[PDB]
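Just one chain follows, in the form deposited in one PDB entry, and it is written as structure tokens.
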């Protein structure tokens, strides 16, 4: 199970065996059992990283796919997927990355997520909202359209007893859902 970090400060390597990590770079580590050196991947390169650097000069990222999706960062989303972050992972509120992509109107992300094996469309979060609820609320009819074509259910109600249809903020979304 991959563990994901953001560099807080630049790491400049002392051996060719070490990665040159810059501030803000994302680090993927799978094996953290060894004492002093861990194997990680950053910027498409794999190498050894001092465990001390990761502890002192990086911050862990609990939901990297969700963050990428939420801010519409397609390059980072693809990187997450490449490093085996699960497409259907749930954050603490029971939301998927797809939910956040739709909440932000990030069609680029939705399309990329739809390339993934067995994408779950119908996850209801803590509040009972699906990605389709968020898309309807967001008001981009073309993203509603994409979700519908991919198989999104329209018969699921949130804690407020609302269907995705009930969330629609414009007639374009309303028409697609009616």
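Residue numbers count along the first chain shown, from 1. Each form is matched to the other, and the largest set of C-alpha atoms that superpose within 1.5 Å is called the rigid core.
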{"property": "Given 9-17 and 154-162, the range whose Cα B-factors average higher in the PDB entry", "result": "9-17"}
{"property": "Entry-level comparison of average CA B-factors, 113-121 and 22-30, reporting the higher stretch", "result": "22-30"}
{"property": "Highest recorded Cα temperature factor - choice among 60, 63, 46, 130", "result": "46"}
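There is another form of this protein, the form deposited in another entry, and it is not shown here; the text below is about that form.
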| item | value |
| --- | --- |
| Mobile residue between the shown form and the other one, C-alpha criterion 2 Å or more, rigid core, from 113, 49, 134, 144 | 49 |
| Large Cα move at residue 170 between the shown form and the other one, threshold 2 Å, rigid core | no |
| Rigid-core frame, C-alpha of residue 40, shift of 2 angstroms or more between the shown form and the other one | yes |
| Rigid-core frame, C-alpha of residue 19, shift of 2 angstroms or more between the shown form and the other one | yes |
